[PDB]
$ cat upload07.cif   # mmCIF, N, CA and C atoms
data_run
loop_
_atom_site.label_atom_id
_atom_site.label_comp_id
_atom_site.auth_asym_id
_atom_site.auth_seq_id
_atom_site.Cartn_x
_atom_site.Cartn_y
_atom_site.Cartn_z
N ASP J 1 135.75 175.56 136.68
CA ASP J 1 136.06 174.71 137.82
C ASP J 1 135.25 175.09 139.05
N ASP J 2 135.46 176.28 139.59
CA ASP J 2 134.76 176.64 140.81
C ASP J 2 133.27 176.85 140.57
N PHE J 3 132.88 177.31 139.37
CA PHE J 3 131.45 177.47 139.12
C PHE J 3 130.72 176.13 139.22
N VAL J 4 131.23 175.10 138.53
CA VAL J 4 130.57 173.81 138.59
C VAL J 4 130.76 173.14 139.94
N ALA J 5 131.85 173.43 140.65
CA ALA J 5 131.99 172.90 142.00
C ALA J 5 130.87 173.41 142.90
N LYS J 6 130.65 174.73 142.90
CA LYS J 6 129.56 175.29 143.68
C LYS J 6 128.20 174.81 143.19
N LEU J 7 128.01 174.70 141.88
CA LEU J 7 126.75 174.20 141.34
C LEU J 7 126.46 172.77 141.76
N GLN J 8 127.45 171.88 141.69
CA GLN J 8 127.30 170.51 142.17
C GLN J 8 127.04 170.43 143.66
N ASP J 9 127.76 171.22 144.46
CA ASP J 9 127.49 171.25 145.89
C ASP J 9 126.06 171.68 146.19
N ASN J 10 125.58 172.72 145.51
CA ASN J 10 124.23 173.20 145.78
C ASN J 10 123.19 172.21 145.28
N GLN J 11 123.46 171.54 144.16
CA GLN J 11 122.53 170.53 143.68
C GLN J 11 122.44 169.36 144.65
N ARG J 12 123.58 168.92 145.20
CA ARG J 12 123.55 167.87 146.21
C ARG J 12 122.79 168.33 147.45
N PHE J 13 123.00 169.58 147.86
CA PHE J 13 122.28 170.11 149.02
C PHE J 13 120.78 170.13 148.77
N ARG J 14 120.36 170.58 147.59
CA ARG J 14 118.94 170.61 147.26
C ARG J 14 118.36 169.20 147.23
N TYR J 15 119.10 168.25 146.65
CA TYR J 15 118.66 166.86 146.64
C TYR J 15 118.45 166.33 148.05
N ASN J 16 119.46 166.47 148.91
CA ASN J 16 119.37 165.98 150.28
C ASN J 16 118.35 166.74 151.11
N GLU J 17 118.00 167.96 150.72
CA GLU J 17 116.90 168.67 151.37
C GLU J 17 115.54 168.13 150.95
N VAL J 18 115.35 167.91 149.64
CA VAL J 18 114.09 167.39 149.13
C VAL J 18 113.83 165.95 149.55
N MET J 19 114.87 165.15 149.78
CA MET J 19 114.67 163.75 150.17
C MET J 19 113.89 163.60 151.47
N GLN J 20 113.87 164.63 152.32
CA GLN J 20 113.03 164.56 153.51
C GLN J 20 111.55 164.72 153.16
N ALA J 21 111.24 165.43 152.08
CA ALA J 21 109.87 165.68 151.67
C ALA J 21 109.32 164.62 150.72
N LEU J 22 110.13 163.61 150.38
CA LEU J 22 109.65 162.55 149.50
C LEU J 22 108.49 161.80 150.13
N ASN J 23 108.60 161.46 151.41
CA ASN J 23 107.49 160.81 152.10
C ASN J 23 106.34 161.78 152.33
N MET J 24 106.65 163.07 152.48
CA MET J 24 105.62 164.06 152.78
C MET J 24 104.70 164.28 151.59
N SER J 25 105.27 164.38 150.39
CA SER J 25 104.49 164.66 149.18
C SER J 25 104.66 163.52 148.19
N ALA J 26 103.54 162.89 147.82
CA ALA J 26 103.58 161.82 146.82
C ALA J 26 103.73 162.36 145.41
N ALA J 27 103.08 163.49 145.11
CA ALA J 27 103.21 164.09 143.78
C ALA J 27 104.61 164.65 143.56
N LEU J 28 105.36 164.87 144.65
CA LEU J 28 106.69 165.46 144.56
C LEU J 28 107.59 164.65 143.63
N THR J 29 107.47 163.33 143.66
CA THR J 29 108.27 162.46 142.80
C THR J 29 107.93 162.62 141.32
N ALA J 30 106.86 163.35 141.01
CA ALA J 30 106.49 163.64 139.63
C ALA J 30 106.58 165.11 139.27
N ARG J 31 106.62 166.02 140.25
CA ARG J 31 106.63 167.45 139.97
C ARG J 31 107.92 168.15 140.40
N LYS J 32 108.47 167.81 141.56
CA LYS J 32 109.66 168.52 142.03
C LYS J 32 110.93 167.75 141.69
N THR J 33 110.92 166.44 141.86
CA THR J 33 112.09 165.62 141.53
C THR J 33 112.15 165.36 140.03
N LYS J 34 112.37 166.44 139.27
CA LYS J 34 112.56 166.36 137.83
C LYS J 34 113.98 166.67 137.41
N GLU J 35 114.64 167.62 138.07
CA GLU J 35 116.02 167.95 137.73
C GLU J 35 116.95 166.78 138.02
N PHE J 36 116.76 166.11 139.16
CA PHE J 36 117.63 165.00 139.52
C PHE J 36 117.44 163.80 138.59
N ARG J 37 116.24 163.63 138.04
CA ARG J 37 115.98 162.56 137.09
C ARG J 37 116.22 162.98 135.64
N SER J 38 116.49 164.26 135.40
CA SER J 38 116.62 164.77 134.05
C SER J 38 117.98 164.41 133.46
N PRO J 39 118.08 164.32 132.13
CA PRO J 39 119.36 163.98 131.48
C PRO J 39 120.44 164.98 131.83
N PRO J 40 121.69 164.53 131.99
CA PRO J 40 122.71 165.41 132.59
C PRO J 40 122.91 166.71 131.85
N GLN J 41 122.85 166.69 130.52
CA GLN J 41 122.97 167.93 129.76
C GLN J 41 121.78 168.84 130.02
N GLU J 42 120.58 168.27 130.10
CA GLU J 42 119.40 169.12 130.26
C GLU J 42 119.28 169.62 131.69
N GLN J 43 119.94 168.93 132.63
CA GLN J 43 120.03 169.45 134.00
C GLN J 43 120.75 170.79 134.03
N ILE J 44 121.95 170.85 133.46
CA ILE J 44 122.62 172.14 133.39
C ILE J 44 121.89 173.06 132.43
N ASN J 45 121.11 172.51 131.50
CA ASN J 45 120.32 173.37 130.63
C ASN J 45 119.32 174.20 131.42
N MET J 46 118.60 173.60 132.38
CA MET J 46 117.76 174.52 133.16
C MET J 46 118.59 175.25 134.21
N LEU J 47 119.66 174.63 134.72
CA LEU J 47 120.52 175.28 135.71
C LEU J 47 121.23 176.52 135.18
N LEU J 48 121.30 176.70 133.87
CA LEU J 48 121.94 177.87 133.28
C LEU J 48 120.92 178.78 132.60
N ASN J 49 119.66 178.70 133.02
CA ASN J 49 118.60 179.52 132.44
C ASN J 49 118.27 180.74 133.28
N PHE J 50 119.13 181.12 134.22
CA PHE J 50 118.92 182.39 134.91
C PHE J 50 119.26 183.58 134.03
N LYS J 51 119.67 183.35 132.79
CA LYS J 51 119.75 184.42 131.81
C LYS J 51 118.38 185.04 131.60
N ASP J 52 118.37 186.32 131.24
CA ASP J 52 117.13 187.08 131.06
C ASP J 52 116.36 187.13 132.37
N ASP J 53 115.03 187.09 132.30
CA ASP J 53 114.20 187.20 133.50
C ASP J 53 113.15 186.10 133.58
N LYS J 54 113.30 185.03 132.79
CA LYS J 54 112.34 183.93 132.87
C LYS J 54 112.37 183.27 134.25
N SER J 55 113.57 183.06 134.80
CA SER J 55 113.76 182.76 136.22
C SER J 55 113.02 181.50 136.68
N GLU J 56 112.93 180.49 135.83
CA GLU J 56 112.53 179.17 136.29
C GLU J 56 113.72 178.33 136.71
N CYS J 57 114.92 178.87 136.61
CA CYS J 57 116.12 178.11 136.90
C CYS J 57 116.28 177.93 138.41
N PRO J 58 116.47 176.71 138.90
CA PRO J 58 116.67 176.48 140.34
C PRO J 58 118.10 176.78 140.78
N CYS J 59 118.49 178.05 140.66
CA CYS J 59 119.83 178.47 140.99
C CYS J 59 119.79 179.65 141.95
N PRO J 60 120.54 179.62 143.05
CA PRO J 60 120.51 180.73 144.00
C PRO J 60 121.18 181.98 143.46
N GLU J 61 120.86 183.10 144.11
CA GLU J 61 121.25 184.41 143.59
C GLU J 61 122.76 184.56 143.51
N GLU J 62 123.49 184.05 144.50
CA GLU J 62 124.95 184.21 144.47
C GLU J 62 125.57 183.46 143.30
N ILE J 63 125.08 182.25 143.03
CA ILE J 63 125.62 181.46 141.93
C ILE J 63 125.26 182.10 140.60
N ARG J 64 124.05 182.67 140.51
CA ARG J 64 123.70 183.42 139.31
C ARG J 64 124.60 184.63 139.13
N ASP J 65 124.89 185.34 140.22
CA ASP J 65 125.69 186.56 140.14
C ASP J 65 127.12 186.27 139.71
N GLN J 66 127.67 185.14 140.16
CA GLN J 66 129.03 184.79 139.73
C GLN J 66 129.11 184.70 138.21
N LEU J 67 128.19 183.96 137.60
CA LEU J 67 128.23 183.81 136.15
C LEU J 67 127.85 185.10 135.44
N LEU J 68 126.94 185.88 136.03
CA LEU J 68 126.60 187.17 135.43
C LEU J 68 127.79 188.11 135.39
N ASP J 69 128.61 188.12 136.44
CA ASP J 69 129.82 188.93 136.44
C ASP J 69 130.86 188.39 135.47
N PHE J 70 131.05 187.07 135.45
CA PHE J 70 132.03 186.50 134.53
C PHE J 70 131.66 186.74 133.08
N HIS J 71 130.38 186.64 132.73
CA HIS J 71 129.95 186.89 131.37
C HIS J 71 130.14 188.34 130.96
N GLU J 72 129.87 189.30 131.85
CA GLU J 72 130.15 190.69 131.54
C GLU J 72 131.65 190.92 131.35
N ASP J 73 132.48 190.30 132.19
CA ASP J 73 133.92 190.44 132.02
C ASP J 73 134.37 189.84 130.69
N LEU J 74 133.83 188.69 130.32
CA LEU J 74 134.15 188.07 129.05
C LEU J 74 133.72 188.91 127.86
N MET J 75 132.53 189.50 127.91
CA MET J 75 132.11 190.40 126.84
C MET J 75 133.01 191.63 126.75
N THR J 76 133.39 192.19 127.90
CA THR J 76 134.30 193.33 127.89
C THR J 76 135.64 192.96 127.27
N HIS J 77 136.17 191.79 127.62
CA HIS J 77 137.41 191.32 127.02
C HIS J 77 137.27 191.09 125.52
N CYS J 78 136.17 190.50 125.08
CA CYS J 78 135.92 190.28 123.66
C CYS J 78 135.63 191.58 122.91
N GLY J 79 135.37 192.67 123.63
CA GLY J 79 135.09 193.94 123.01
C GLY J 79 133.66 194.15 122.59
N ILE J 80 132.78 193.19 122.87
CA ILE J 80 131.37 193.34 122.51
C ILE J 80 130.76 194.51 123.26
N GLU J 81 131.06 194.62 124.55
CA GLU J 81 130.56 195.73 125.35
C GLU J 81 131.31 197.02 125.00
N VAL F 1 115.18 151.21 142.98
CA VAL F 1 113.89 151.85 142.80
C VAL F 1 114.08 153.35 142.61
N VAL F 2 114.43 154.05 143.69
CA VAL F 2 114.73 155.47 143.59
C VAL F 2 115.96 155.70 142.73
N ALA F 3 116.99 154.87 142.90
CA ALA F 3 118.18 154.99 142.07
C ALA F 3 117.88 154.67 140.62
N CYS F 4 116.97 153.71 140.37
CA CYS F 4 116.59 153.40 139.00
C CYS F 4 115.83 154.55 138.35
N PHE F 5 114.90 155.16 139.09
CA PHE F 5 114.20 156.33 138.57
C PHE F 5 115.16 157.48 138.31
N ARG F 6 116.08 157.73 139.24
CA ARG F 6 117.14 158.69 138.99
C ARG F 6 118.09 158.16 137.94
N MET F 7 118.78 159.07 137.27
CA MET F 7 119.97 158.72 136.51
C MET F 7 121.15 159.32 137.27
N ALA F 8 122.33 159.27 136.67
CA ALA F 8 123.48 159.93 137.25
C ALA F 8 123.21 161.42 137.36
N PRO F 9 123.28 162.01 138.55
CA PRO F 9 123.08 163.46 138.67
C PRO F 9 124.38 164.24 138.57
N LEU F 10 124.26 165.57 138.46
CA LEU F 10 125.44 166.40 138.26
C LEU F 10 126.38 166.33 139.45
N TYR F 11 125.83 166.33 140.67
CA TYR F 11 126.68 166.31 141.86
C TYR F 11 127.44 165.00 141.98
N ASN F 12 126.94 163.93 141.36
CA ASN F 12 127.64 162.66 141.32
C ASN F 12 128.56 162.53 140.11
N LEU F 13 128.35 163.33 139.07
CA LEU F 13 129.25 163.29 137.93
C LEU F 13 130.62 163.85 138.32
N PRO F 14 131.70 163.34 137.73
CA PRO F 14 133.03 163.88 138.01
C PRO F 14 133.15 165.32 137.55
N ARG F 15 134.12 166.03 138.13
CA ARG F 15 134.23 167.46 137.89
C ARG F 15 134.52 167.77 136.43
N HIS F 16 135.40 167.01 135.79
CA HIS F 16 135.79 167.34 134.42
C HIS F 16 134.66 167.05 133.43
N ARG F 17 133.92 165.96 133.65
CA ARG F 17 132.74 165.70 132.82
C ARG F 17 131.73 166.82 132.95
N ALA F 18 131.47 167.25 134.19
CA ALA F 18 130.53 168.33 134.43
C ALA F 18 131.03 169.63 133.81
N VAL F 19 132.35 169.83 133.79
CA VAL F 19 132.92 171.04 133.20
C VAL F 19 132.71 171.05 131.69
N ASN F 20 132.95 169.91 131.04
CA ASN F 20 132.70 169.83 129.61
C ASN F 20 131.24 170.08 129.30
N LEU F 21 130.35 169.46 130.08
CA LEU F 21 128.92 169.72 129.91
C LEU F 21 128.62 171.20 130.06
N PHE F 22 129.15 171.83 131.10
CA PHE F 22 128.86 173.23 131.36
C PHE F 22 129.38 174.11 130.25
N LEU F 23 130.54 173.78 129.69
CA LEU F 23 131.06 174.55 128.57
C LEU F 23 130.10 174.49 127.39
N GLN F 24 129.63 173.29 127.05
CA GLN F 24 128.69 173.18 125.93
C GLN F 24 127.40 173.94 126.22
N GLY F 25 126.88 173.80 127.45
CA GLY F 25 125.64 174.46 127.80
C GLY F 25 125.77 175.97 127.79
N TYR F 26 126.89 176.48 128.30
CA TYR F 26 127.16 177.91 128.29
C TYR F 26 127.26 178.42 126.86
N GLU F 27 127.92 177.66 125.99
CA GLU F 27 128.04 178.06 124.60
C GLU F 27 126.67 178.17 123.94
N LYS F 28 125.80 177.18 124.16
CA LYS F 28 124.51 177.20 123.47
C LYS F 28 123.54 178.19 124.10
N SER F 29 123.66 178.44 125.41
CA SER F 29 122.63 179.21 126.10
C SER F 29 122.99 180.69 126.18
N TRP F 30 124.28 181.01 126.32
CA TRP F 30 124.71 182.38 126.59
C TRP F 30 125.47 182.96 125.41
N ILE F 31 126.54 182.29 124.95
CA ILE F 31 127.39 182.87 123.92
C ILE F 31 126.63 183.01 122.61
N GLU F 32 125.93 181.95 122.20
CA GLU F 32 125.21 181.99 120.93
C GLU F 32 124.07 183.01 120.97
N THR F 33 123.34 183.07 122.08
CA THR F 33 122.19 183.95 122.16
C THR F 33 122.60 185.41 122.23
N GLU F 34 123.82 185.69 122.68
CA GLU F 34 124.29 187.07 122.75
C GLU F 34 124.35 187.67 121.35
N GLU F 35 123.79 188.87 121.20
CA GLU F 35 123.72 189.55 119.92
C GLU F 35 124.19 190.98 120.07
N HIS F 36 125.04 191.42 119.14
CA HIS F 36 125.52 192.80 119.09
C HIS F 36 125.38 193.31 117.66
N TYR F 37 124.92 194.55 117.53
CA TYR F 37 124.61 195.13 116.23
C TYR F 37 125.79 196.00 115.80
N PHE F 38 126.48 195.57 114.75
CA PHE F 38 127.64 196.28 114.23
C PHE F 38 127.60 196.44 112.72
N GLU F 39 126.61 195.85 112.05
CA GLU F 39 126.62 195.78 110.59
C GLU F 39 126.57 197.17 109.97
N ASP F 40 125.69 198.03 110.47
CA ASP F 40 125.51 199.34 109.86
C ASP F 40 126.77 200.18 109.99
N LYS F 41 127.35 200.23 111.19
CA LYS F 41 128.55 201.03 111.40
C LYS F 41 129.73 200.45 110.62
N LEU F 42 129.84 199.12 110.56
CA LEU F 42 130.92 198.52 109.79
C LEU F 42 130.80 198.86 108.31
N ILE F 43 129.58 198.78 107.76
CA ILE F 43 129.39 199.08 106.35
C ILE F 43 129.65 200.56 106.09
N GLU F 44 129.25 201.43 107.02
CA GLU F 44 129.52 202.85 106.83
C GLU F 44 131.02 203.14 106.84
N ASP F 45 131.75 202.52 107.77
CA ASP F 45 133.20 202.71 107.81
C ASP F 45 133.86 202.19 106.55
N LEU F 46 133.43 201.03 106.05
CA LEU F 46 134.00 200.52 104.81
C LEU F 46 133.66 201.41 103.63
N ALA F 47 132.45 201.97 103.61
CA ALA F 47 132.02 202.77 102.47
C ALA F 47 132.66 204.15 102.48
N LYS F 48 133.09 204.63 103.64
CA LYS F 48 133.71 205.95 103.70
C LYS F 48 134.97 205.98 102.84
N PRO F 49 135.12 206.96 101.96
CA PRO F 49 136.44 207.20 101.37
C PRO F 49 137.37 207.72 102.45
N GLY F 50 138.32 206.89 102.86
CA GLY F 50 139.10 207.18 104.05
C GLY F 50 140.11 208.28 103.84
N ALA F 51 139.62 209.52 103.74
CA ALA F 51 140.44 210.67 103.36
C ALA F 51 141.11 210.44 102.01
N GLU F 52 140.43 209.72 101.12
CA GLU F 52 140.99 209.45 99.80
C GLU F 52 141.18 210.72 98.97
N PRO F 53 140.20 211.61 98.84
CA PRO F 53 140.45 212.88 98.12
C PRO F 53 141.53 213.71 98.78
N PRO F 54 141.61 213.77 100.12
CA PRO F 54 142.81 214.39 100.73
C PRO F 54 144.10 213.71 100.32
N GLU F 55 144.09 212.39 100.15
CA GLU F 55 145.27 211.70 99.65
C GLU F 55 145.51 212.11 98.20
N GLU F 56 146.74 212.52 97.91
CA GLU F 56 147.09 213.06 96.59
C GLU F 56 147.42 211.90 95.64
N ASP F 57 146.40 211.50 94.88
CA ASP F 57 146.60 210.47 93.87
C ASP F 57 146.79 211.07 92.49
N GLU F 58 146.17 212.23 92.24
CA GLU F 58 146.16 212.86 90.92
C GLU F 58 145.75 211.87 89.83
N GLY F 59 144.62 211.21 90.03
CA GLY F 59 144.14 210.23 89.09
C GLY F 59 142.69 209.90 89.34
N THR F 60 142.26 208.77 88.78
CA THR F 60 140.89 208.32 88.93
C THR F 60 140.59 208.00 90.39
N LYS F 61 139.34 208.20 90.79
CA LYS F 61 138.91 207.97 92.16
C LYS F 61 139.22 206.55 92.61
N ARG F 62 139.97 206.42 93.70
CA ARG F 62 140.29 205.11 94.23
C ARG F 62 139.04 204.45 94.80
N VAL F 63 138.92 203.14 94.56
CA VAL F 63 137.78 202.40 95.07
C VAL F 63 137.86 202.28 96.59
N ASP F 64 136.73 202.50 97.24
CA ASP F 64 136.65 202.40 98.69
C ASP F 64 136.69 200.93 99.12
N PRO F 65 136.98 200.67 100.40
CA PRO F 65 137.12 199.27 100.84
C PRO F 65 135.91 198.40 100.56
N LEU F 66 134.70 198.95 100.71
CA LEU F 66 133.50 198.17 100.39
C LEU F 66 133.48 197.81 98.91
N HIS F 67 133.86 198.75 98.05
CA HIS F 67 133.96 198.47 96.63
C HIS F 67 134.98 197.38 96.36
#
$ encode --input "upload07.cif" --output "structure tokens"
Amino acid sequence: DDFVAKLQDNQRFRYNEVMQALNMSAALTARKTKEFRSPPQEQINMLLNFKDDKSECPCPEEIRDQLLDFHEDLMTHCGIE
Amino acid sequence: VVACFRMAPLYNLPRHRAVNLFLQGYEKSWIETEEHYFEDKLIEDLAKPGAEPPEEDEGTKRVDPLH
């Protein structure tokens, strides 16, 4: 619940931030505005790729840290750790 | 025009739909990819005669759990 609430808020913020640069950059509509045009499943697919260190995921550090902590807690509960 | 190029985005999707999506994405991206190595220790524990000779059977060797 709260993870996707924060993720949706930040995605809306990023969208409304980039909309000012739409007139500034013509290629932007082909290079940067890809997540907003991407299929909804594949949007969260890159949004949840802050796993490992590939780090192409457009997710801020705090939102990444929330899920990183929750996943460690889940592994500890499952006994994997 | 811009709306046509866009599809429905996540921030416009309802919370429960986005939650179901996130559950599936988390399952495929994080849970499945997570790997833990337990096979060798599990097989060793199963193969161990669990104090079977200390256990007084006075008979043929009892089969270990792996057996």
$ atom_distance --input "upload07.cif" --atom1 "CA of residue 48 in chain F" --atom2 "atom C of residue 63 in chain F"
9.0 Å
$ atom_distance --input "upload07.cif" --atom1 "atom N of residue 45 in chain F" --atom2 "CA of residue 62 in chain F"
16.2 Å
$ resolve_selection --input "upload07.cif" --expression "the PyMOL selection byres ((chain F and name CA) within 8 of (chain J and name CA))" --output "list in words"
residues 5, 6, 7, 8, 9, 10, 11, 12, 15, 18, 19, 21, 22, 25, 26, 29, 30 and 36 of chain F
$ atom_distance --input "upload07.cif" --atom1 "CA of residue 70 in chain J" --atom2 "CA of residue 24 in chain F"
16.2 Å
$ closest_residue --input "upload07.cif" --among "J:72, J:17, J:62, J:22" --to "residue 2 in chain F" --atoms "only C-alpha atoms"
J:22
$ build_atoms --input "upload07.cif" --residues "range 3-16 of chain F" --atoms "N, CA, C and O atoms" --output "tab-separated table (two decimals), in the frame of the given file"
chain	number	residue	atom	x	y	z
F	3	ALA	N	116.99	154.87	142.90
F	3	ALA	CA	118.18	154.99	142.07
F	3	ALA	C	117.88	154.67	140.62
F	3	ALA	O	118.47	155.26	139.71
F	4	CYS	N	116.97	153.71	140.37
F	4	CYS	CA	116.59	153.40	139.00
F	4	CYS	C	115.83	154.55	138.35
F	4	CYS	O	116.07	154.89	137.19
F	5	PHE	N	114.90	155.16	139.09
F	5	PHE	CA	114.20	156.33	138.57
F	5	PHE	C	115.16	157.48	138.31
F	5	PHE	O	115.06	158.14	137.27
F	6	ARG	N	116.08	157.73	139.24
F	6	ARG	CA	117.14	158.69	138.99
F	6	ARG	C	118.09	158.16	137.94
F	6	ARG	O	118.18	156.95	137.71
F	7	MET	N	118.78	159.07	137.27
F	7	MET	CA	119.97	158.72	136.51
F	7	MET	C	121.15	159.32	137.27
F	7	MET	O	120.99	159.81	138.39
F	8	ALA	N	122.33	159.27	136.67
F	8	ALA	CA	123.48	159.93	137.25
F	8	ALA	C	123.21	161.42	137.36
F	8	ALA	O	122.92	162.07	136.33
F	9	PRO	N	123.28	162.01	138.55
F	9	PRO	CA	123.08	163.46	138.67
F	9	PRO	C	124.38	164.24	138.57
F	9	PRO	O	125.47	163.67	138.59
F	10	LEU	N	124.26	165.57	138.46
F	10	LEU	CA	125.44	166.40	138.26
F	10	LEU	C	126.38	166.33	139.45
F	10	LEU	O	127.60	166.27	139.29
F	11	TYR	N	125.83	166.33	140.67
F	11	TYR	CA	126.68	166.31	141.86
F	11	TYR	C	127.44	165.00	141.98
F	11	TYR	O	128.47	164.94	142.65
F	12	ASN	N	126.94	163.93	141.36
F	12	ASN	CA	127.64	162.66	141.32
F	12	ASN	C	128.56	162.53	140.11
F	12	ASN	O	129.46	161.69	140.13
F	13	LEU	N	128.35	163.33	139.07
F	13	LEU	CA	129.25	163.29	137.93
F	13	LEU	C	130.62	163.85	138.32
F	13	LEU	O	130.71	164.74	139.17
F	14	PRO	N	131.70	163.34	137.73
F	14	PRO	CA	133.03	163.88	138.01
F	14	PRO	C	133.15	165.32	137.55
F	14	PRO	O	132.40	165.79	136.69
F	15	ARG	N	134.12	166.03	138.13
F	15	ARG	CA	134.23	167.46	137.89
F	15	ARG	C	134.52	167.77	136.43
F	15	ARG	O	133.94	168.71	135.87
F	16	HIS	N	135.40	167.01	135.79
F	16	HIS	CA	135.79	167.34	134.42
F	16	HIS	C	134.66	167.05	133.43
F	16	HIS	O	134.44	167.81	132.48
